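Here the structure comes first, spelled out in structure tokens, and everything after it is commentary.
Protein chains in written order, with PDB author numbering: chain A, 3 to 20, 23 to 79, 91 to 545, 550 to 590, 596 to 735, 741 to 812, 817 to 821, 828 to 869, 872 to 889, 892 to 951, 955 to 983, 986 to 1014, 1023 to 1045, 1052 to 1088; chain B, 405 to 412.
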């Protein structure tokens, strides 16, 4: 169907694709001459013909792939109809002809590119698929489901009474390949189509579930694993679909995992299946005692699968303190238990968990005594809500095993005491130190095995992290003499652990470690002067001891230590110990670090200038790129991109250190500000492939400015920085980042002061604010038959801050710009999060009688809000009514005095949750009483009074005691005073001057007696107040 | 280092 010349030109080109020369010439020819408005359809026509008809595998394959790629880019929609049709017809004839399997696969994928919403109907495809599904050739059946997977909309197009049997036969097909493709197609439908379409295939789920036992009958567990993977996707999409056969699937996964002649894939995916219900349907799991019971049971079974064929654990005793990556099911079981416990709570799982543990702790099989320890370790955090109270009980089970004949059970027990020191902190440190420490300490002796000494030393890190110096104090000498022994090990990992454990114990001990400094420090210096991680962990230990004992003591070895660092730095795991150590010395040395900046800063400057290392990449070339932990690939705007992730993580780390030097050294860091701002902070906002970088760029901004301030350029840099921040608001996709930019502007404004913004900036900020609010609304009006966002609340919380901050810097002038997004604001005002936001904005508006334009638009809702069941709404509401009487005294009276009774009732309240809201109302009424002073029908003020003291909201308290400073005589006097003592002592707020005058009006003895109620500690404060 | 639980 092409001119014969064109054919062998194109044939030559495509054949050249499979040498540099012949192949590059073809590549240029193709991309520069043939993929153009004029030749595109010829090219597509050619490639479709080759894929359809070529007798050569390679040419057919390549053309199928090329066609697929180019057909998108064209795109297929702007192709002439006569040519689309010819392409379609040959593609279809190719599919139905005799091709090798992999070519049929590629044809299927090519065909899919020719089916489209806007594209003319292709009912010949529909017909071809239906017939192929009945073919006696598996590859035809498989390939048809593949097309239904690529183009799930075709499933909508086929008659419901044809498509139903299609899938039922599919699930039941004698070919495994066909089954997997049927299942894949079936789930893909839900992946791709709206939920309103789901109910139409939903009904097939039981046939699918019913087909599952056949995989175990034929012994086809690998294919079972693949189906489990599809089913895992379906659970995440429509968990409730599973409700009616929930017990059946639970029981099935149970059966699989128990059969331990099966290979791991079926078993791990089956566990995953079970696990994922807790993440997507927690109420469904909780409403069924069976789920919990099965899930605990199976993970306990899998956790025992360790040191197989090695009862002494010889191999484990002889290795380092890392995981044996061969123990896969054991690793999976821990993670699963952990994940479900975190989702379901202890309320639901502790009982079934413990039912088993009581028994496994007592077994003669060591593997089960171990399993017990590791399971508790996995579940402890998730079950803390319950287990935090059964702490003596838990230690009673665990601690007796610390001395188990088997070293792995001992390690296991170490592990639990470690895990729970973290998960029940800080309560466990306070109450079980007397049992935990001796237990761990006893394992440290060189009598025990290296792995056990090491793990006990590790668990002392967990414990130390949350133990006060006073608790650790009596145990230090013993802890230390033991760890020195571990320091003398032959095994690199024991020394490494020893060092870190000492470091962290020293960190917790603080000044209590001063007496150990002289024994430790020289042992450490000797190690250093002599093995990279050793030296690093050693420098880490030295500098953390330094921070513990303080600068004066640290000064006995600082110069020598410093000289060693220098030698070490200028001589890759080590690099990170070095950088943190310098950083810790800066915290010790204070301003005396200044002369070290030339040594420490340059390396960080290099790393923090790292560029977005991106490789524009091809489909195939991307999953093996993905294998590396240090790389990731995404699809951004149509293309495939390879990004070097590690490098960008390192950029962040370096940015964080520069930020922390800047923070501590203030004015002394100024010399670096211009450079870090222009070469690091700002360019980092444009790092669209890594959000950490973007955020780290943002937080660096106000801190850099503030350094330069403390030491005109400042005004330039601020203008540049603010403008890119502002610009970022309207382009930044990620809500979490958007927040950082607003916050960052707030902090910038705070630094730069009065009138730090220009008119265009104020306008460009408004657009940003609006696009941010628009996209929040859109995401939120999306939140069921099939299924059971502080990120949003937090963003709006910060937007409030920036607006307020912008208002303040403009000194009101931002009212003008603020008007344009009033419709936006208004929608919000009339879903609680959006309401609170709107109210908060309006309170800021009134702060700057020019708002009458809107009195009518909001007081109806505000008055409503006053009596809302939600405390946060009442709070913001009352503040608004109070701010009305403060800044707009007269354009508001007809409202403020009526509502005043509402406020006396909202007041009645004094409880943590709403102490704040009732304090705002209290302040709100004091504002009204001020503005319209001798105009009120006065019980009121004596009501108000009984709402004192104000202890929680600071700005409220600030007004109430200002108003109190403008009740007399009587025996209100002790309530007058205490009202103030309480505010002061609670640190919530010259009202003192006023009080002294009242006490002046009474004798020596009458004056004194008021403080008679007050304890010593607050009488110390009172003396220093009056 | 420490006692913790991975997640991979």
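Don't be surprised by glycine CBs; every beta carbon is placed ideally from N, CA and C.
In this model, residue 788 (chain A) and residue 855 (chain A) are separated by some 11 Å (Cα to Cα).
Straight-line measurement puts the Cα of residue 990 (chain A) at about 21 Å from the Cα of residue 1054 (chain A). Between residue 391 (chain A) and residue 431 (chain A), the alpha-carbon positions lie close to 7 Å from each other. Think of a sphere of 8 Å around the beta carbon of residue 683 (chain A): no beta carbon from chain B falls inside it, the nearest being about 25 Å out. If you check each beta-carbon in the segment 446 to 477 of chain A against every beta-carbon of chain B, the ones closer than 8 Å belong to 470, 473, 474, 476 and 477. Pairwise C-beta distances place the segment 997 to 1008 of chain A in contact with the segment 1034 to 1042 of chain A, as three or more of them are shorter than 8 Å. The alpha-carbon of residue 560 (chain A) is positioned some 12 Å away from that of residue 510 (chain A).
With a contact defined as Cβ atoms closer than 8 Å, residue 204 (chain A) and residue 223 (chain A) miss out at about 12 Å.
Straight across, the Cα-Cα distance linking residue 696 (chain A) with residue 676 (chain A) is about 17 Å. Spatial neighbours of residue 638 (chain A) in its own chain (CB-CB distance under 6 Å, excluding positions within 5 residues in sequence) are listed in chain order as 665 and 667. Secondary structure at residue 639 (chain A): strand, using DSSP grouped into helix, strand and coil. Taken in chain order, the members of the segment 417 to 442 of chain A whose beta-carbon sits within less than 9 Å of a beta-carbon on chain B are 429, 430, 431, 432, 433, 434, 436 and 437. Counting C-beta atoms within 10 angstroms of its own C-beta, residue 782 (chain A) has fewer than 16 neighbours from the protein chains shown and is therefore classed as exposed.
Judged by beta-carbon spacing, residue 15 (chain A) lies within the 7 Å limit of residue 30 (chain A), meaning their Cβ atoms are closer than that value.
With respect to the 7 Å criterion, residue 345 (chain A) and residue 388 (chain A) are not classified as neighbours on the basis of their beta carbons.
Assignment of beta-bridge partners to residue 658 (chain A) by DSSP yields A:665.
Going by C-alpha positions, residue 409 (chain A) is about 19 Å away from residue 381 (chain A).
Residue 353 (chain A) belongs to the set of residues whose beta carbon lies under 7 Å from a beta carbon in chain B. Per DSSP, the continuous alpha helix (DSSP H) segment holding residue 747 (chain A) begins and ends at 742 to 758.
Per DSSP, residue 150 (chain A) is not a residue of any alpha helix (DSSP H), being assigned neither H nor E. Within the model, the alpha-carbon separation for residue 239 (chain A) versus residue 955 (chain A) is close to 59 Å. In the DSSP annotation of this structure, residue 79 (chain A) is not part of any alpha helix (DSSP H), being labelled neither H nor E.
By a beta-carbon distance limit of 8 Å, residue 406 (chain A) contacts residue 446 (chain A). Their separation comes to about 7 Å. Annotation for residue 769 (chain A): the continuous alpha helix (DSSP H) segment containing it runs 764 to 781. Nearest neighbour of residue 1032 (chain A) by Cα position, chosen from A:474, A:1007, A:993 and A:341, turns out to be A:993. DSSP places residue 479 (chain A) in the uninterrupted alpha helix (DSSP H) bounded by 465 to 480.
For the C-beta of residue 605 (chain A), not a single chain B residue is nearer than 7 Å; the gap to the nearest is close to 16 Å. Among the CB atoms of chain B, none fall inside 7 Å of the CB of residue 319 (chain A). Contact annotation: residue 444 (chain A) and residue 481 (chain A) have beta-carbon atoms nearer than 7 Å. Pairing residue 342 (chain A) with residue 313 (chain A) gives a Cβ-Cβ distance that is not under 7 Å. Under the criterion of beta carbons closer than 8 Å, residue 357 (chain A) and residue 397 (chain A) qualify as touching, at roughly 4 Å. A Cβ of chain B is located within less than 7 Å of the beta carbon of residue 350 (chain A). For the pair residue 193 (chain A) and residue 199 (chain A), the Cα-to-Cα distance works out to about 10 Å. At a Cβ-Cβ threshold of 7 Å, residue 166 (chain A) and residue 130 (chain A) count as neighbours. Going by beta carbons, residue 970 (chain A) and residue 921 (chain A) fall inside the 7 Å limit. Where residue 168 (chain A) is concerned, the enclosing alpha helix (DSSP H) starts and stops at 168 to 172.
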